[PDB]
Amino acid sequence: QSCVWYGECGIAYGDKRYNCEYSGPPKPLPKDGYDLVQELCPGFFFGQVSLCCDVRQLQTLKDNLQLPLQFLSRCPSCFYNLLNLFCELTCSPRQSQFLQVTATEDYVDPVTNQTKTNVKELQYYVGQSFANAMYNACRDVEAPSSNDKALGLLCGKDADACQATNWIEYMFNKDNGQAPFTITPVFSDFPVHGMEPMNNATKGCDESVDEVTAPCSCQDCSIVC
């Protein structure tokens, strides 16, 4: 197994950071990050919890999930697949299979003056079926106390123009003011020049995420009506 990054490096803009380039194997997560990994990416919470992310990156992921939560929190299945898209990107011990760094710049530690490398942009090979299922679970979600669709607030365009791939492309575009750096998505259910797209299992909005989480309401999910 191999990573493309590990830990945070320099400022991108605002309070947002690039991650440090790293191409070695995943590393066991410190125990102080177990609460975060349980909360965000419980699918990875087993064995040595060897991941291609550190505690800082998990904390940053949690902070950055606030706006998706703002609009999608009422439909746990919809939010679940979205969290998984980000968990795999952030932490997967097999990152190198589906991520390709495309731009870097040097990072200089201000105290030791040791150089590291900011991952400035990367390409993310996302399963076509994954992306379609993620959109499918979210597409009827209503913005809280409204009759408009939640995706119209997370897609940089109205809901009637929002589609699976342009949604993911928008969320991954730092021009949105939220993403710290741009990720360019490539959608395929098939390998691409030896890259194996991320095609994790997904949950529909009519399914329970787990034993303690109900399916989404009829208002947010026309299947359950």
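Residue numbers run from 1 along the displayed sequence.
Stretches compared: 86-94, 142-150. Higher mean C-alpha B-factor in the entry: 142-150. Mean CA temperature factor is higher for 62-70 when stretches 62-70 and 181-189 are set side by side in the entry.
When the C-alpha B-factors of 126, 99, 137, 108 are ranked from the entry, the top spot goes to 108. Ranked within its chain, residue 18 lands in the lowest third, by CA B factor from the PDB record.
When the modelled residues of the chain are ordered by their C-alpha B factor, residue 172 lands in the middle third.
Among the modelled residues of its chain, residue 27 has a C-alpha B-factor that falls in the middle third according to the deposited record.
When all modelled residues of the chain are sorted by CA temperature factor, residue 51 is found within the lowest third. Ranked against the other modelled residues of its chain, the C-alpha B-factor of residue 81 as given in the entry falls in the lowest third.
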